[PDB]
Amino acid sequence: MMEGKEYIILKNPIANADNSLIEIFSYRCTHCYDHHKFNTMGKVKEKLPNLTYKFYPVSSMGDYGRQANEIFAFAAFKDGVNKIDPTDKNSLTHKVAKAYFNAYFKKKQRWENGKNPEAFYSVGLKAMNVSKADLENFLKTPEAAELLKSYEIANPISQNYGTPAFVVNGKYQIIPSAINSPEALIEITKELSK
């Protein structure tokens, strides 16, 4: 509960993020994979059901960060329409992250280092069971523009301590040395979110 020990105050806050825990992550981030395997954010949601939980991908990370942002924005949008929390293991967000984490870390896939975005999109499109056209049409919408703009802030936040980064109410990033357990993450989030 002390600035500079458990948390820092972001110089610029995430817009529209009151009463929320947001995980800034990358598909090519190993600890992000760990936190997905043990569904950390889902554990927080269980103990703090009334917060909003989001995942902000980091477009500046990986050869395909910019394409991943599109796919995750589409998953977030659809999870929203479907009223499934993105920390739910049945969400499209979770299914998409699982597929990319699996591909990147277990299969050591790199999709030709940036030269084959079609193969990269396909992992996410298959995971969501939608077509490339669905994605192209989503990307024409204002809802897509808003999600993709909101994700821009994940890039400067990721430079504070790397990924994953945990941001509460859009204003405070939990300092990673303070997160010694999901219990600690929950306690800190509960303190910072009131």
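Each residue number is its position in the shown sequence, starting from 1.
- Two stretches are in play, 127-135 and 143-151, and the higher mean C-alpha B-factor belongs to 127-135.
- Taking the mean C-alpha B-factor of each stretch as recorded, 66-74 and 38-46 are not equal, and the higher mean is that of 38-46.
- Compared with the other modelled residues of the chain, the Cα B-factor recorded for residue 109 ranks in the highest third.
- Residue 93: CA B factor in the lowest third of modelled residues in this chain (values from the PDB entry).
- Among the modelled residues of its chain, residue 52 has a C-alpha B-factor that falls in the middle third, as given in the PDB entry.
- Ranked by Cα temperature factor within the chain, residue 175 sits in the highest third according to the deposited record.
- Compared with the other modelled residues of the chain, the Cα B-factor recorded for residue 22 ranks in the lowest third.
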